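A quick write-up on the structure given underneath.
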Ligand code: ALF
Ligand SMILES: [Mg+2]
């Protein structure tokens, strides 16, 4: 059941019922009865909407279009009524195709958090709903479960994925507090090995977590609420037309009906100037305008779709050109989304190949996500992989150990060599690793036996086309540029430098992104382009929200107004460009579609009929539609 077929039947009936009687061999009950159907199908839907708004609201333009059909029907030139009814039904169907907004992400957002939780009660562990969790409760989050509440760890250690909140799927090691009575009072002193969030996914170990916020006051409950209260962005052209009808419809139907009904000064029959007022009124129904505005929208959206970007409506399509600022998530948006091997720093008498081969020999046995990067990139650099190690063992939260060439190998964080039996870390290599950590490198130190072979550094590299699209967007007038990421500030600064963004903010929560976005939106229109769950509120409050189409979360795709479906950034200088020209195509098509009405309707009070109205109105409608179709031609300029 879809209502577009009534406009199609009015098209078939107008055309074939204009053809059957005239320049045709068809009877007047079959050939002209089609024109009878052309009044019924297109008129009956606009009629019921007219009734719906005339119950309470003041006026509707459908009154003007429908009575413009009806007066031509009860008078001469019924092709005028059928034509106006057909083209206005079609312009209504085109606005309905431009009006499609699913705007629902609550279904995906509700899945991030569980409904129930295990809570400790002395010698028992009860099951309660999360809305019945009290602050100070100890919930038991066991293996690979979704965390049900914000708080801090009091028992157990585990590697937790905080992707829905930090945007980083890189697991973070979590340890219990030293003193929980102290930790509940001093929430500002919670180290990131301790702060846990609802919606995170637990790792291998169970965690007792003391609750901090209530069920609705958690960070993820806040991002749900913030997304739900999004302002539905309205296109500047459409609300302009709403206010314009609010003035134009009653003004014209008052000034050109009863003031033109049976005017005493010029000779008229009391029954025949009754036709004279409706000539002006019926032709005053500005149908060129009702068809110009949605056709440009649909053409621009179709060109964007063949260009590889989804646009959910005309309002973001119009907003993309007017932007002054744009903000970028890092991981998955400006970066590829995976750590590569980017720095090798040998030490002492160790070669580069010894360091890389011992690293790949151990990381072939590990299952941490960095092991796979190390193995594939040592295989890239050396062409080969050495023989794998023996006696793999984990030092939990710090790294790994193995045995290569009858010597004991330790790899991991700087805290590992502070914790195990062998030779301690020299200060110079310590400082080198410190320098790598500050430069945004996740850093592993490698010892083989008595000797430190050295250190190695991995990083999520930016996309190759990032710096290019950044410079292009600066050329197109976007001098307000920033990075806003949940990753730490070293990686944010290093990627922002490597891409060419001047201001980079890391360590941000989703609300902090919303804060930065509102601060930019105060000075102009702003776009938030990202790919994660924690970017969805900043997308929702921005002037236009854009999601990375392929790698992105379903939450961010359902929330965003623009989708970069090729998952590449080179679609952004194209998009804004199209948006600018689209406004030109509607602006021209606005004034024309208005002007000719304002040009043909005073001319209708001074000697014009209903017969020529189709000829002017079609001449006003088709041409503007034709200009909108120029939007189907545009260039990439690669
Ligand atoms: F991927 Al992000 F902040 F969520 F850089
Ligand atoms: Mg992300």
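Only the coordinates and a few stated rules stand behind these numbers; no lab work does. We place every Cβ from the backbone using ideal geometry, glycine too, and count neighbours over all the protein chains shown.
Report the Cα centroid-to-centroid distance between the range 410-425 and the range 107-133 in angstrom, as an integer.
What the calculation gives is 39 Å, centre to centre.
How do 482, 436, 509, 548 rank when sorted from fewest to most other Cβ atoms within 10 Å of their own Cβ? Intermediate values should be presented prior to the final figure.
Numbers: 482 19, 436 23, 509 16, 548 27.
In increasing order of surrounding Cβ atoms, one gets 509, 482, 436, 548.
Give the distance, in whole Å, between the Cα centre of the range 242-293 and the Cα centre of the range 3-51.
With the range 242-293 and the range 3-51 each reduced to a Cα centre, they are spaced 25 Å.
Could you let me know the centre-to-centre spacing of the range 573-638 and the range 440-470, using Cα atoms, in angstrom?
57 Å
Which angle from 0 to 90°, rounded to the nearest 10, does the C-alpha axis of helix 78-97 make with the longest principal axis of the chain?
On a 0 to 90 degree scale, this one is about 10.
Go ahead and run the numbers for FRET between residue 580 and residue 126, Cβ-Cβ distance against an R0 of 60 Å, rounding to 0.05. Write down the numbers at each step before the final one.
Working: r = 60 Å, r/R0 = 1.01.
Efficiency computed from Cβ-Cβ geometry: 0.50.
Can you tell me which of 236-242, 570-576, 327-333 comes out highest on packing, and rank the rest after it, using the mean Cβ neighbours within 10 Å?
Values: 236-242: 15.0, 570-576: 21.0, 327-333: 27.1.
Highest to lowest by the protection proxy: 327-333, 570-576, 236-242.
Suppose the Debye formula is applied to equal point scatterers at every Cα of the chain; what is log10 I(q)/I(0) at q = 0.12 Å⁻¹?
The calculated log intensity ratios at q = 0.12 Å⁻¹ are -1.20.
Let me have the 222 nm mean residue ellipticity of the chain computed from DSSP H runs of 4+ only, each contributing -39500 (n - 2.57), with the sum over all residues rounded to the nearest 500. Spell out each step's value before the answer.
Values: 23 runs with 292 residues, N = 638.
So the calculated ellipticity at 222 nm is -14500 deg cm²/dmol.
Looking at the square roots a ≥ b ≥ c of the eigenvalues of the Cα gyration tensor of the range 108-228, which shape do they give, rounded for a/c under 1.5, prolate if a/b is larger than b/c, or oblate? Before the final figure, lay out each step's value.
Working: a/c = 1.33, a/b = 1.15, b/c = 1.15.
Rounded shape, in that the Cα axes give a/c under 1.5.
Going by alpha carbons, how many degrees (0 to 90, nearest 10) lie between the helix axis of 489-499 and the longest principal axis of the chain?
On a 0 to 90 degree scale, this one is about 60.
Classify the range 282-404 as rounded, prolate or oblate, taking a ≥ b ≥ c as the square roots of the eigenvalues of its Cα gyration tensor: rounded when a/c is under 1.5, otherwise prolate if a/b is larger than b/c and oblate if not. Mind dumping the intermediate values first?
Working: a/c = 4.40, a/b = 4.28, b/c = 1.03.
Because a/c hits 1.5 or more and a/b exceeds b/c, the range 282-404 counts as prolate.
Classify the range 336-461 from the C-alpha gyration tensor, please: rounded if a/c falls under 1.5, else prolate or oblate depending on whether a/b exceeds b/c. Before the final figure, lay out each step's value.
Details: a/c = 1.33, a/b = 1.06, b/c = 1.25.
Rounded, because the longest to shortest axis ratio a/c is under 1.5.
What angle, in degrees between 0 and 90 and rounded to the nearest 10, separates the Cα long axis of helix 611-629 from the longest principal axis of the Cα atoms of the chain?
20 degrees
State the antiparallel share, in %, of DSSP beta bridges confined to the chain, rounding to the nearest 5. Numbers along the way, then the final one.
Details: 55 of 73 bridges.
Here the share of antiparallel DSSP bridges comes out near 75 percent.
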